[PDB]
Amino acid sequence: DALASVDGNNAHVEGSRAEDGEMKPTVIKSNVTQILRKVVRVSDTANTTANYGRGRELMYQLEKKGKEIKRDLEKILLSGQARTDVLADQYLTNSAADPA
Amino acid sequence: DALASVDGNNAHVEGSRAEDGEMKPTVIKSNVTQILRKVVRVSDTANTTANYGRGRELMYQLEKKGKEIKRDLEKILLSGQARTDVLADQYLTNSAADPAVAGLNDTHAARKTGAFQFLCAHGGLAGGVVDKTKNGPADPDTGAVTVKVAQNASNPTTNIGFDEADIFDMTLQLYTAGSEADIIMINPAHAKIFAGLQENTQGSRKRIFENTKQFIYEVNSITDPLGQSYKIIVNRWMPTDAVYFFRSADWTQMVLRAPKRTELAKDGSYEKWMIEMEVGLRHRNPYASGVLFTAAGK
Amino acid sequence: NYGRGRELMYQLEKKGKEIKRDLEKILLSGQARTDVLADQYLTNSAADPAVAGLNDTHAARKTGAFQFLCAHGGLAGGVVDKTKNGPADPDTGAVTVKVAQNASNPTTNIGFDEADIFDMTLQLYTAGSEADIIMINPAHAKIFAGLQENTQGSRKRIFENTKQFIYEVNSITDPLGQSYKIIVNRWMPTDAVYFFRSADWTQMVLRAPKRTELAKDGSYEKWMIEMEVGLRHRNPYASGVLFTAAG
Amino acid sequence: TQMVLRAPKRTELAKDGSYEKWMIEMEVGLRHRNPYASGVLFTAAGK
Amino acid sequence: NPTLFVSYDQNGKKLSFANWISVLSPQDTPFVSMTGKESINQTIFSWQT
Amino acid sequence: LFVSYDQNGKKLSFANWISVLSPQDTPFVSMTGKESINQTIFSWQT
């Protein structure tokens, strides 16, 4: 909400009928969520053999991508992209979602 | 909400994968409220005197108005108005607001509720009232039509009524949908029909009297071929163009502003008062109650 | 979000009831016995040599409905025919599958027979059937109430200075002494009438309905319900079926 | 503020053999009190 | 910023969420209730007459 | 077939507050001073 514009000439008479005046409603701002997804497809064939050059490949890779999603989240939030959705003007009369 | 009508003859093979089904969402209904009002105005002089058969002219006139507002209520809830309102497609108002009619004032039109007829499976409108010359639609899942225009082909054009067989056709539609209606509200001018089940062209449960000193000629209870026992009730404030098949539990009175005391300005020997209350109407399902209109015969 | 909590358990319940609704409709629909096997019970050689090899490319199966298990006397495709009378019992002279003649109620309306219904009870009595129930769609129950007192004339159903109205018939007594009991069925077709007995029909269950969560492979959260059952009839001539035909 | 609908979680998927697949997903958004509460300044020219 | 407070000029309108859903789809199933259940172990069953 | 885009009774997640940046400083008035009077017209001399 925002207060009304300064009325620098709101001079009335000593005694007169008070007028209704003017008001302003609120302004609603809506946003939508985003889906961030990271998956892994490391096999187990090479995981069954005991190798000297590697300890694990599943939990280590999860942590790698477990950090990337955060390193990507920030890159997305600070981006200059535009909100993408097809549910406009469906909040106050949202009794039923967009049939189309 | 209602289940799906994809019953058909679903037949599946033994060694297949689960294929995506057919899912359908719910359906949201919405009704607006209406403002009732009753004003009172009595000069201070008349209110100061002592009438010869009552107290003050203010309270007496207020009580008379406090009762008229209830009568007006019973007549509106049972009317067939089409919920006159200016808004449209703004109930799920979550993505933005409605500034189309925001730069207005009391000049706004008068809001009206959705009466018994408008909330049922009405087939059309007549500007501000439901159209009785159109047969209502059918439910998606079932095939019931809770809004049927009486044929009256059995009875001649001389007497109008609605019908004698069309009463049993609605019970079929209600049972077809699954409604639990057990009350038949009717206008007193049409009670002669439910009691006067005769004039069926010499058949269909006509009449007899065993030369007894008691003459009743009344019908209060009814049972349909399916077993649905109905009880007929009369309402003086009901219109004389339709019959209602409903249940008490399937209706509710939505009250927003209850009637309260309102002392207004005087402006000189006026002593003005006012009564006001905002109320709405609800219906659990448009297909949970029947509306049998009235039409001529052949 | 607000107001809309979940749609998974709610949909499961909806589907849990729909599967049962279909069963009551399929058994009374009148479909035909569908299968890829045939005459594989007396060769005493093997289950089937020519059907083996196909894992899931087979076609769906269908259970013999109320009409198929009776003396239908012909098929009109995937569903039993509602026009050709059933074959006459060789032993007796009974015909349990008939078609309404529609003597009265001129062709202006379809007009299910409303008369000559005692013939079917005769066909049943002639076949030794112990039928005691008449399952019918509610769309034709009025025809049984009018059987009480219409008789296109003067039969004079009486009031006797009473306010209660009934106009409902749920029991009938055949001229041969067979007392039947009328029952309404919302899922029955509007062009058939089933004279039968409960004990003469059994529900063959192989896989009772059970919920089973499937693989996710993403955010699908897939679920399913499955049940495998059949229908049995002791003797075709132990029950009857009366269709409706105007002209 | 950071509006979150689905918090981070390591989900396991089907096993169609030796695949051994896994998943990490989350659903969030972004909220700002007033558009004129923060400022943006673009720096760019022709090329 | 309404000067004359009314219902159509309010940026709010906190909707009234009913706590129920209406359903009429019946599941009488009179036939299935009177038939009786018999468990089998084969996709095909046979009887003699 | 149920998906988030098909829901109807969505209980909105509305914020329980309102933001407004309209300043209310009024520096001048906070330095002038006030002197009560009992007339609609005042005068002084120079």
# chains A, B, ... in the order shown; residues from 1 in each chain; ligands from 1
$ select_by_dssp --residues "chain A" --states "helix (DSSP H, G or I)" --output "PDB file with N, CA, C and O atoms, in the first residue's frame"
ATOM      1  N   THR A  45      28.582 -51.728 -11.208  1.00  0.00           N
ATOM      2  CA  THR A  45      29.487 -52.731 -11.762  1.00  0.00           C
ATOM      3  C   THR A  45      30.918 -52.486 -11.295  1.00  0.00           C
ATOM      4  O   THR A  45      31.549 -53.355 -10.684  1.00  0.00           O
ATOM      5  N   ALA A  46      31.446 -51.294 -11.578  1.00  0.00           N
ATOM      6  CA  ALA A  46      32.790 -50.944 -11.138  1.00  0.00           C
ATOM      7  C   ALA A  46      32.858 -50.647  -9.646  1.00  0.00           C
ATOM      8  O   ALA A  46      33.953 -50.398  -9.131  1.00  0.00           O
ATOM      9  N   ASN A  47      31.723 -50.666  -8.946  1.00  0.00           N
ATOM     10  CA  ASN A  47      31.702 -50.428  -7.509  1.00  0.00           C
ATOM     11  C   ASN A  47      31.877 -51.705  -6.699  1.00  0.00           C
ATOM     12  O   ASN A  47      32.255 -51.637  -5.523  1.00  0.00           O
ATOM     13  N   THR A  48      31.614 -52.868  -7.301  1.00  0.00           N
ATOM     14  CA  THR A  48      31.769 -54.130  -6.586  1.00  0.00           C
ATOM     15  C   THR A  48      33.231 -54.532  -6.437  1.00  0.00           C
ATOM     16  O   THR A  48      33.603 -55.129  -5.420  1.00  0.00           O
ATOM     17  N   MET A  59      28.135 -41.610  -2.733  1.00  0.00           N
ATOM     18  CA  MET A  59      27.975 -40.550  -1.745  1.00  0.00           C
ATOM     19  C   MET A  59      28.803 -39.325  -2.103  1.00  0.00           C
ATOM     20  O   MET A  59      28.362 -38.192  -1.876  1.00  0.00           O
ATOM     21  N   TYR A  60      29.999 -39.525  -2.658  1.00  0.00           N
ATOM     22  CA  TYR A  60      30.832 -38.392  -3.041  1.00  0.00           C
ATOM     23  C   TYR A  60      30.167 -37.573  -4.140  1.00  0.00           C
ATOM     24  O   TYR A  60      30.157 -36.337  -4.091  1.00  0.00           O
ATOM     25  N   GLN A  61      29.604 -38.247  -5.143  1.00  0.00           N
ATOM     26  CA  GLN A  61      28.956 -37.532  -6.237  1.00  0.00           C
ATOM     27  C   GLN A  61      27.705 -36.808  -5.759  1.00  0.00           C
ATOM     28  O   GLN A  61      27.388 -35.717  -6.248  1.00  0.00           O
ATOM     29  N   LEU A  62      26.978 -37.398  -4.810  1.00  0.00           N
ATOM     30  CA  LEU A  62      25.795 -36.737  -4.270  1.00  0.00           C
ATOM     31  C   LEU A  62      26.166 -35.413  -3.615  1.00  0.00           C
ATOM     32  O   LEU A  62      25.502 -34.393  -3.827  1.00  0.00           O
ATOM     33  N   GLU A  63      27.233 -35.413  -2.814  1.00  0.00           N
ATOM     34  CA  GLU A  63      27.677 -34.180  -2.175  1.00  0.00           C
ATOM     35  C   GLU A  63      28.122 -33.155  -3.211  1.00  0.00           C
ATOM     36  O   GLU A  63      27.850 -31.958  -3.065  1.00  0.00           O
ATOM     37  N   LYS A  64      28.812 -33.606  -4.262  1.00  0.00           N
ATOM     38  CA  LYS A  64      29.218 -32.694  -5.327  1.00  0.00           C
ATOM     39  C   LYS A  64      28.014 -31.958  -5.897  1.00  0.00           C
ATOM     40  O   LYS A  64      27.982 -30.724  -5.931  1.00  0.00           O
ATOM     41  N   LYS A  65      27.008 -32.707  -6.350  1.00  0.00           N
ATOM     42  CA  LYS A  65      25.793 -32.087  -6.864  1.00  0.00           C
ATOM     43  C   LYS A  65      24.939 -31.508  -5.746  1.00  0.00           C
ATOM     44  O   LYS A  65      24.144 -30.594  -5.992  1.00  0.00           O
ATOM     45  N   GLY A  66      25.081 -32.020  -4.523  1.00  0.00           N
ATOM     46  CA  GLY A  66      24.376 -31.430  -3.401  1.00  0.00           C
ATOM     47  C   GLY A  66      24.792 -29.998  -3.140  1.00  0.00           C
ATOM     48  O   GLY A  66      24.012 -29.210  -2.596  1.00  0.00           O
ATOM     49  N   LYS A  67      26.020 -29.640  -3.519  1.00  0.00           N
ATOM     50  CA  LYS A  67      26.482 -28.266  -3.370  1.00  0.00           C
ATOM     51  C   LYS A  67      26.193 -27.446  -4.620  1.00  0.00           C
ATOM     52  O   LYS A  67      25.928 -26.243  -4.529  1.00  0.00           O
ATOM     53  N   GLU A  68      26.242 -28.082  -5.794  1.00  0.00           N
ATOM     54  CA  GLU A  68      25.989 -27.362  -7.038  1.00  0.00           C
ATOM     55  C   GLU A  68      24.609 -26.724  -7.046  1.00  0.00           C
ATOM     56  O   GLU A  68      24.450 -25.594  -7.524  1.00  0.00           O
ATOM     57  N   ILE A  69      23.599 -27.424  -6.526  1.00  0.00           N
ATOM     58  CA  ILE A  69      22.240 -26.890  -6.551  1.00  0.00           C
ATOM     59  C   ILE A  69      22.174 -25.569  -5.796  1.00  0.00           C
ATOM     60  O   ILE A  69      21.462 -24.642  -6.196  1.00  0.00           O
ATOM     61  N   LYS A  70      22.920 -25.461  -4.694  1.00  0.00           N
ATOM     62  CA  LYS A  70      23.004 -24.188  -3.988  1.00  0.00           C
ATOM     63  C   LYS A  70      23.816 -23.178  -4.787  1.00  0.00           C
ATOM     64  O   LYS A  70      23.442 -22.004  -4.886  1.00  0.00           O
ATOM     65  N   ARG A  71      24.933 -23.622  -5.366  1.00  0.00           N
ATOM     66  CA  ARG A  71      25.733 -22.746  -6.211  1.00  0.00           C
ATOM     67  C   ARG A  71      24.953 -22.297  -7.440  1.00  0.00           C
ATOM     68  O   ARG A  71      25.267 -21.258  -8.030  1.00  0.00           O
ATOM     69  N   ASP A  72      23.935 -23.062  -7.837  1.00  0.00           N
ATOM     70  CA  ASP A  72      23.069 -22.683  -8.947  1.00  0.00           C
ATOM     71  C   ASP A  72      21.867 -21.873  -8.479  1.00  0.00           C
ATOM     72  O   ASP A  72      21.410 -20.974  -9.195  1.00  0.00           O
ATOM     73  N   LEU A  73      21.342 -22.180  -7.292  1.00  0.00           N
ATOM     74  CA  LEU A  73      20.219 -21.418  -6.757  1.00  0.00           C
ATOM     75  C   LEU A  73      20.537 -19.931  -6.718  1.00  0.00           C
ATOM     76  O   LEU A  73      19.748 -19.104  -7.189  1.00  0.00           O
ATOM     77  N   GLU A  74      21.693 -19.571  -6.161  1.00  0.00           N
ATOM     78  CA  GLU A  74      22.075 -18.167  -6.076  1.00  0.00           C
ATOM     79  C   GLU A  74      22.192 -17.549  -7.465  1.00  0.00           C
ATOM     80  O   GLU A  74      21.740 -16.423  -7.697  1.00  0.00           O
ATOM     81  N   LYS A  75      22.802 -18.277  -8.402  1.00  0.00           N
ATOM     82  CA  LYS A  75      22.927 -17.772  -9.764  1.00  0.00           C
ATOM     83  C   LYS A  75      21.564 -17.502 -10.386  1.00  0.00           C
ATOM     84  O   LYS A  75      21.436 -16.624 -11.247  1.00  0.00           O
ATOM     85  N   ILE A  76      20.537 -18.242  -9.968  1.00  0.00           N
ATOM     86  CA  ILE A  76      19.205 -18.061 -10.532  1.00  0.00           C
ATOM     87  C   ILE A  76      18.488 -16.898  -9.856  1.00  0.00           C
ATOM     88  O   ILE A  76      17.853 -16.070 -10.520  1.00  0.00           O
ATOM     89  N   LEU A  77      18.578 -16.820  -8.527  1.00  0.00           N
ATOM     90  CA  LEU A  77      17.895 -15.754  -7.801  1.00  0.00           C
ATOM     91  C   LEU A  77      18.382 -14.382  -8.248  1.00  0.00           C
ATOM     92  O   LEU A  77      17.577 -13.471  -8.472  1.00  0.00           O
TER      93      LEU A  77
END
$ interface_residues --of "chain F" --to "chain B" --cutoff "9 Å" --atoms "only C-alpha atoms" --output "list in words"
residues 1, 2, 6, 7, 8, 9, 10, 12 and 14 of chain F
$ interface_residues --of "chain A" --to "chain E" --cutoff "9 Å" --atoms "only C-alpha atoms" --output "ChimeraX atom specification"
/A:1-4,20-28,92,95
$ atom_distance --atom1 "CA of residue 80 (chain B)" --atom2 "CA of residue 123 (chain B)"
12.5 Å
$ select_by_dssp --residues "chain D" --states "strand (DSSP E or B)" --output "list in words"
residues 4, 5, 6, 7, 8, 9, 10, 11, 12, 22, 23, 24, 25, 26, 27 and 28 of chain D
$ write_last_selection --atoms "N, CA, C and O atoms" --output "short mmCIF file (atom, residue, chain, number, x, y, z; two decimals), in the first residue's frame"
data_model
loop_
_atom_site.label_atom_id
_atom_site.label_comp_id
_atom_site.auth_asym_id
_atom_site.auth_seq_id
_atom_site.Cartn_x
_atom_site.Cartn_y
_atom_site.Cartn_z
N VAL D 4 10.11 -21.50 0.26
CA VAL D 4 10.41 -22.88 -0.10
C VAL D 4 9.12 -23.70 0.00
O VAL D 4 8.43 -23.65 1.02
N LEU D 5 8.82 -24.44 -1.07
CA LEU D 5 7.70 -25.37 -1.09
C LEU D 5 8.13 -26.80 -0.81
O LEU D 5 7.44 -27.52 -0.08
N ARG D 6 9.27 -27.22 -1.35
CA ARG D 6 9.84 -28.53 -1.09
C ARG D 6 11.29 -28.35 -0.66
O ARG D 6 12.10 -27.81 -1.43
N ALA D 7 11.61 -28.78 0.55
CA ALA D 7 12.97 -28.66 1.05
C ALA D 7 13.88 -29.66 0.35
O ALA D 7 13.41 -30.65 -0.22
N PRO D 8 15.19 -29.43 0.37
CA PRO D 8 16.11 -30.38 -0.26
C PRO D 8 16.01 -31.76 0.38
O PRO D 8 15.87 -31.89 1.59
N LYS D 9 16.10 -32.79 -0.46
CA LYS D 9 16.05 -34.16 0.02
C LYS D 9 16.60 -35.07 -1.07
O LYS D 9 16.31 -34.88 -2.25
N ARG D 10 17.40 -36.05 -0.65
CA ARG D 10 17.98 -37.02 -1.57
C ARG D 10 17.01 -38.19 -1.73
O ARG D 10 16.85 -39.00 -0.81
N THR D 11 16.36 -38.26 -2.88
CA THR D 11 15.37 -39.29 -3.16
C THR D 11 15.98 -40.39 -4.02
O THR D 11 16.82 -40.12 -4.88
N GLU D 12 15.54 -41.62 -3.79
CA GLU D 12 16.01 -42.78 -4.53
C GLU D 12 14.94 -43.20 -5.54
O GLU D 12 13.75 -43.19 -5.23
N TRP D 22 19.62 -41.88 -8.42
CA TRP D 22 19.26 -41.10 -7.25
C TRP D 22 18.75 -39.74 -7.71
O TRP D 22 18.78 -39.41 -8.90
N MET D 23 18.29 -38.93 -6.76
CA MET D 23 17.63 -37.67 -7.08
C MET D 23 17.83 -36.68 -5.95
O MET D 23 17.83 -37.06 -4.77
N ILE D 24 17.99 -35.41 -6.31
CA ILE D 24 18.02 -34.31 -5.36
C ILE D 24 17.21 -33.18 -5.96
O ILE D 24 17.57 -32.63 -7.01
N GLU D 25 16.11 -32.81 -5.29
CA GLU D 25 15.18 -31.83 -5.83
C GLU D 25 14.70 -30.91 -4.72
O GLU D 25 14.71 -31.26 -3.54
N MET D 26 14.29 -29.71 -5.12
CA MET D 26 13.72 -28.74 -4.20
C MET D 26 12.92 -27.74 -5.01
O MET D 26 13.19 -27.50 -6.20
N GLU D 27 11.92 -27.14 -4.36
CA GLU D 27 11.03 -26.19 -5.01
C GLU D 27 10.94 -24.94 -4.14
O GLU D 27 10.42 -25.00 -3.02
N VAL D 28 11.45 -23.83 -4.65
CA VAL D 28 11.51 -22.57 -3.92
C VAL D 28 11.13 -21.43 -4.86
O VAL D 28 10.90 -21.64 -6.06
#
$ interface_residues --of "chain A" --to "chain D" --cutoff "7 Å" --atoms "only C-alpha atoms" --output "ChimeraX atom specification"
/A:32-45
$ interface_residues --of "chain C" --to "chain E" --cutoff "8 Å" --atoms "only C-alpha atoms" --output "ChimeraX atom specification"
/C:3,17,20-21,24,185-187,198-199,201-206,234-235
$ write_last_selection --atoms "N, CA and C atoms" --output "short mmCIF file (atom, residue, chain, number, x, y, z; two decimals), in the first residue's frame"
data_model
loop_
_atom_site.label_atom_id
_atom_site.label_comp_id
_atom_site.auth_asym_id
_atom_site.auth_seq_id
_atom_site.Cartn_x
_atom_site.Cartn_y
_atom_site.Cartn_z
N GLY C 3 -5.45 -24.11 1.81
CA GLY C 3 -6.73 -24.67 1.45
C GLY C 3 -6.65 -26.04 0.81
N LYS C 17 -13.73 -46.67 -5.01
CA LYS C 17 -15.17 -46.87 -5.16
C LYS C 17 -15.54 -47.07 -6.62
N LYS C 20 -15.46 -50.66 -7.88
CA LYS C 20 -16.61 -51.47 -7.48
C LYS C 20 -17.84 -51.12 -8.30
N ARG C 21 -18.02 -49.83 -8.61
CA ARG C 21 -19.13 -49.42 -9.46
C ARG C 21 -19.07 -50.14 -10.81
N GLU C 24 -20.33 -53.95 -10.62
CA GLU C 24 -21.78 -54.13 -10.62
C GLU C 24 -22.37 -53.86 -12.00
N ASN C 185 -32.16 -51.58 -9.17
CA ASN C 185 -30.72 -51.54 -9.41
C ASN C 185 -30.40 -50.33 -10.27
N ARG C 186 -29.61 -49.41 -9.72
CA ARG C 186 -29.26 -48.20 -10.46
C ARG C 186 -28.31 -48.48 -11.61
N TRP C 187 -27.58 -49.58 -11.57
CA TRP C 187 -26.58 -49.90 -12.58
C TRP C 187 -27.09 -50.86 -13.64
N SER C 198 -30.55 -65.63 -6.08
CA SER C 198 -29.21 -65.26 -5.62
C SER C 198 -28.30 -66.48 -5.51
N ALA C 199 -28.82 -67.59 -4.97
CA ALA C 199 -27.99 -68.76 -4.75
C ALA C 199 -27.49 -69.38 -6.05
N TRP C 201 -26.00 -67.89 -8.45
CA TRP C 201 -24.93 -67.08 -9.01
C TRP C 201 -23.83 -66.92 -7.97
N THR C 202 -22.58 -67.13 -8.40
CA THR C 202 -21.43 -67.08 -7.51
C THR C 202 -20.39 -66.13 -8.09
N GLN C 203 -19.63 -65.51 -7.20
CA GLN C 203 -18.57 -64.58 -7.57
C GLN C 203 -17.23 -65.30 -7.42
N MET C 204 -16.59 -65.60 -8.55
CA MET C 204 -15.32 -66.30 -8.56
C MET C 204 -14.20 -65.28 -8.42
N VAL C 205 -13.49 -65.32 -7.29
CA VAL C 205 -12.44 -64.36 -6.98
C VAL C 205 -11.09 -65.05 -7.14
N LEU C 206 -10.18 -64.39 -7.86
CA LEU C 206 -8.82 -64.87 -8.04
C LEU C 206 -7.79 -63.91 -7.45
N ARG C 234 -24.93 -71.66 -12.35
CA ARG C 234 -25.10 -73.11 -12.26
C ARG C 234 -25.66 -73.68 -13.56
N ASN C 235 -26.84 -73.21 -13.97
CA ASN C 235 -27.49 -73.69 -15.17
C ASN C 235 -28.05 -72.48 -15.93
#
$ residues_around --residues "residue 70 (chain C)" --least-positions-apart "3" --cutoff "8 Å" --atoms "only C-alpha atoms" --output "list in words"
residues 66, 67, 97, 233, 235, 236, 237, 239, 240 and 241 of chain C
